[PDB]
Amino acid sequence: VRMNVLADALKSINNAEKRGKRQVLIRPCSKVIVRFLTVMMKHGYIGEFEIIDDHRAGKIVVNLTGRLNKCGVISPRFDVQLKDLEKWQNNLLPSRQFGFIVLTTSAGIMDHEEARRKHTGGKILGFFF
Amino acid sequence: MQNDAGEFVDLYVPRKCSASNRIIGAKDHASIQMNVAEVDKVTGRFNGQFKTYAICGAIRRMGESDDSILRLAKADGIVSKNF
Amino acid sequence: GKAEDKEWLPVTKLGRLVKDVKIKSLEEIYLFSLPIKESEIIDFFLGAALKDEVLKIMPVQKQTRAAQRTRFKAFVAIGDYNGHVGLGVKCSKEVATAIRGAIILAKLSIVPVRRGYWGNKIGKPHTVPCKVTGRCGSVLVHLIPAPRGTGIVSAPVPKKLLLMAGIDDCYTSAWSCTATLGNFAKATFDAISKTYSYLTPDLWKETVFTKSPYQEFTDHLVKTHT
Amino acid sequence: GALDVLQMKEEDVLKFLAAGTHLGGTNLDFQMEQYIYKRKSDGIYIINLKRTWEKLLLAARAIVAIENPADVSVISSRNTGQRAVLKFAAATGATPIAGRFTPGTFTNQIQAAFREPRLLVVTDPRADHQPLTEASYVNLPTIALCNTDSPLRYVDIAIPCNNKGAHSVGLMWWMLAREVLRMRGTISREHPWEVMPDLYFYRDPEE
Amino acid sequence: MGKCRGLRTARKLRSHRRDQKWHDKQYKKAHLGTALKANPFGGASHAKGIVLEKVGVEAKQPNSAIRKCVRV
Amino acid sequence: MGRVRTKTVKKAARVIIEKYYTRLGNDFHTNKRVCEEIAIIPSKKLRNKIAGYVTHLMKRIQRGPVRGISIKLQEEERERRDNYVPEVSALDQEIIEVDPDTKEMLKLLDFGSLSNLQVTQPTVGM
Ligand SMILES: [Mg+2]
Ligand SMILES: [Mg+2]
Ligand SMILES: [Mg+2]
Ligand SMILES: [Mg+2]
């Protein structure tokens, strides 16, 4: 079935970090997975990643640093509107000095710190810290 | 760890494992600090300078420090290549 | 009168390098995760500030052919109020020696706790650096940072180790059979111990590797006590 | 090593094939899989020699870096390795332990057998498991000679060899003594060694 | 072992909670109406009455006394 | 019945043997006097029991060595056998020889002389 593709991509990344692996393969690939990985890599929680291209949905190989502590998904994509955001990042995040919430806004997939910097709400996807 | 003035307010900076990047706690009585020697490149005799490696207790308990030191050495000219 | 007490003839390599002034602080011991097996190593560095506290005395007993054979279990917490804390427990036949053997274990189990800032970094960290959890047999203890001045919002028992550890502000939570003091105290101690074993983006700088205290002082150990 | 002074010479491959050290066991475990060349036509694995040599020189480089020679405690419990460890400790000044181990020698501060080593060499991970389990309490690295069916738990520098036959075990200890004494200074290279490997072999009670 | 998380399941969640509240003892006792009927007070805190005759209720086994109640 | 000696008797006899090994013989009435003069046994029955176990141990030390007493004469015969002996030689013939897939291995690390071959039946137990 695989209702949600991002959920199992993130759970398979997170099951390997607990194990000390240097790399993972995750499949199928998707547009939202690549954007979420780019957001997670711009900050420095993962290394580079490579996309393997079959003529189907494809597969990704990720180089894992040892910096990632936990990444995860919020199961229904709730609407979040720049006033709920503080009450959201007081449940999901472990502190006020690190850890990011990832949300899709009409200006792309980004983090909360940029969402407030651009005055935009959207839908929550997940978090990593 | 610093503050807005700039000083460092911290008891100590714990070391991190060289194979999994996770810090080594203060009560991990299974972590080691293996120290290997450097040779003098001509007659193959020891000369002072040496290399040091830390391995955490967990990955030492799963039987993986063996093939992790081999990789930390091969990456670093103690073994060069062609193991 | 008589004088010249000469206790603590060491029996371990670390006792030698501690009693001889070669080693400076127990932070240099924690950096190398060595096991402290002599209770005088603690009183060398700390000792002028370590205050102990008897958390509970609990009479346990075994049924026997003749009798019920009772003996008492003492839970003692210890630690100076500036970043070190420990918790020991000993079961002995009489109270006076249980309370004395428990202080030894409470001193031997001293760990360093990490403190951080809640909102902004003005100086002298006051609270835990992140949300931490700790368990001991169906007792879960959640520690959460708090703004400056809120005190410790917790039960009486965790707000006796939290104080000793040096934390000024903390939001706490529990969800368990917390009425058993042993598991409550051990879970709080575990949550505090997990405060330096949590990777945090300021702990990403690669490690500079120093000489072990056994490698630096090989020449001493070779013949300092004999 | 990557160099040519440390490379294996033709005189040592003959010592290897004469002692039989390349001949593995019948079972393989998934951690020793990088040391095997190929399984023979009958069910037995050949150990790669070039890999034995590199792991043996890595163990020598780990032993030479310890300053006090007398906290490199060496242990053997089986009857085949006792003479070898006694002669290895004699040749380079370690402290040997042959026979029973008397658990608690590393973690008990009353016993008269209590020592605090800085390394640990051992003949067979699966027969001297007590020193390994105890080293896992006091931050103690470990070197070990591994058969193809050796569990690599708590060992840090495995050396692949036939671990079963007396000639193999003595040859490996003899070569470990040769290479520590060589790179510490002492018996400089470009000479054969006075000692012959047969001083290190098991007795196997005689005629 | 399973609960509907989806975005249009507010009716199922609300109806299941409303259905299951009726298994809480105090909730049912307060919202059914049988206790307010069986309560010898009309749901009041105090009540006046007439004394029929005094009685001698004997206490339960681990104690011994005669508790001296009245019948109102 | 009994006649099972106690640890206080056995340990005493073992120490007496391990120190005064050369004064003790094979007869009982002389070992009795020897142990009487070298030690202090505060009884006569204990003296006889210790001197009677000493004789039973001596009758055994003349054979193979026991595993609780260490003497000088019986250590040399170990020491002088743990050092090399002409029963052993070098590697017994230095023309030792191998099978295929070892020569195929040796070829991958540049070896080229003094070997042999054989091929087996094609699987175990045939
Ligand atoms: Mg209760
Ligand atoms: Mg029902
Ligand atoms: Mg009821
Ligand atoms: Mg209720």
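Rules behind the numbers
- Residues numbered from 1 in each chain as written, not as in the entry; some residues may be left out.
- Chains lettered and ligands numbered in written order.
- Part of a larger assembly, values for the part shown.
- Heavy atoms only, no water.
- Salt bridge = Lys/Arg side-chain N within 4 Å of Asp/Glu carboxyl O.
- Buried < 20%, exposed > 50% of the residue type's maximum accessible area, 1.4 Å probe, protein only.
- Helix = DSSP H or I, 4+ residues; strand = E, 2+ residues; numbered from the N terminus.
- Pairing = 2+ DSSP bridges.
- Patch = residues over 30% accessible without salt bridge, like charges linked within 9 Å, V, L, I, M, F, W, Y side chains within 5 Å.
- Areas by Shrake-Rupley, 256 points an atom, 1.4 Å probe, with all protein chains shown as cover.
- Arc of directions from axis to C-beta.
- Contact = heavy atoms within 4.5 Å.
- Buried area = accessible area lost by both parts, 1.4 Å probe.
- Axes fitted to C-alpha atoms, helices over the stretch in contact; angles between N-to-C directions.

By the method listed in its record, cryo-EM, this PDB entry was determined to a resolution of 3.04 Å.

Focus: the pattern of salt bridges
Enumeration according to the criterion identifies 28 salt bridges over all chains in this entry. Between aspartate 8 of chain A and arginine 2 of chain A there is a salt bridge, and its shortest N-O distance comes to 2.8 Å. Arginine 2 of chain A gets classed as partly exposed once you look at its relative accessible area, which sits at 35%. Among the ionic pairs, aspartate 43 of chain C bridges to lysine 107 of chain C, the shortest N-O distance being 2.5 Å. Remark: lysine 107 of chain C occurs in helix α4 (residues 95-108) and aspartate 43 of chain C occurs in helix α3 (residues 40-45); sequence separation between them is 64 residues. Under the relative-accessibility criterion, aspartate 43 of chain C is labelled partly exposed at 37%. When salt bridges with common partners are traced through the structure, they connect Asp12, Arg178, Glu179, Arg182 and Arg189 of chain D into a single cluster.

With respect to the pairing of strand β2 (residues 49-52) of chain A
Residue and element names in this part refer to chain A. The sheet contact formed by β2 and strand β3 (residues 59-63) spans four bridges and is antiparallel. Residue pairing for β3: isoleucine 52 is matched across the bridge by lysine 59. The antiparallel hairpin formed by β2 and β3 contains six residues in its connecting segment, where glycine 58 sits at a positive phi of about 95°.

Quick word on the pairing of strand β1 (residues 36-39) of chain D
The two faces of a sheet get side chains in turn, since along a regular strand they alternate between them. All names here are of chain D. Inspection of the sheet shows β1 paired to strand β2 (residues 45-47) by three bridges, in the antiparallel sense. Looking at β2, one finds that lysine 38 is bridged to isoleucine 46. Hairpin connection, β1 to β2: the antiparallel pair is bridged by five residues.

Points about a nonpolar patch on the surface
Judged by side-chain polarity, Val51, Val70 and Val72 of chain E come together as a nonpolar surface patch covering roughly 280 Å² of accessible area. Following the sequence through the fold, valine 70 of chain E ends up in strand β2 (residues 70-71).

Quick word on the sheet that holds strand β5 (residues 121-122) of chain D
Residue and element names in this part refer to chain D. What the five strands build is an open sheet, ordered β4-β3-β5-β6-β7; its pairing is parallel. Edge positions in the open sheet fall to β4 (96-98) and β7 (157-160), since each of these has one partner strand only. Sheet analysis places strand β3 (residues 74-76) next to β5, joined by two bridges and oriented parallel. Of the residues in β5, the one forming a bridge with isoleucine 75 is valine 122.

Here's the deal with helix α2 (residues 28-38) of chain F
All names here are of chain F. All of the buried residues in α2 are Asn31, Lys32, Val34 and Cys35. The arc that holds every buried residue of α2, seen down its axis, measures 170°, which confines them to one face. In α2, the exposed residues that point more than 90 degrees away from the buried face are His29 and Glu37. Looking at the packing, one finds that the buried side of α2 touches α1 (7-19) and α3 (45-61).

Regarding the interface of chain B and chain D
Each partner contributes to the interface: chain B provides 33 residues, whereas chain D provides 36 residues. Taking both sides of the interface into account, the surface hidden between chain B and chain D amounts to around 3,100 Å²; carbon and sulfur atoms contribute 56%. Our enumeration of links across chain B and chain D arrives at two salt bridges. Linking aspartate 66 of chain B and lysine 55 of chain D is a salt bridge whose minimum nitrogen-to-oxygen distance equals 3.1 Å. Counting only elements with at least two residues in the side of chain B that touches chain D, the list comes to β1 (35-39), α1 (57-61) and α2 (66-74) of chain B. The leading source of residues in the side of chain B that touches chain D is β1 of chain B, at five residues.

Some words on the sheet that holds strand β8 (residues 170-174) of chain C
All names here are of chain C. Spatial strand order, β5-β6-β8-β7: four strands in an open sheet with mixed pairing. The open sheet is flanked by β5 (132-135) and β7 (152-153), the only strands paired with a single partner. With two bridges connecting them, β7 and β8 associate as parallel partners. Its bridge partner lying in β8, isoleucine 152 is registered against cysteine 170. Against the sheet, helix α6 (residues 181-193) contacts β5, β6 (140-144) and β8, and its axis sits at roughly 145° relative to β5.

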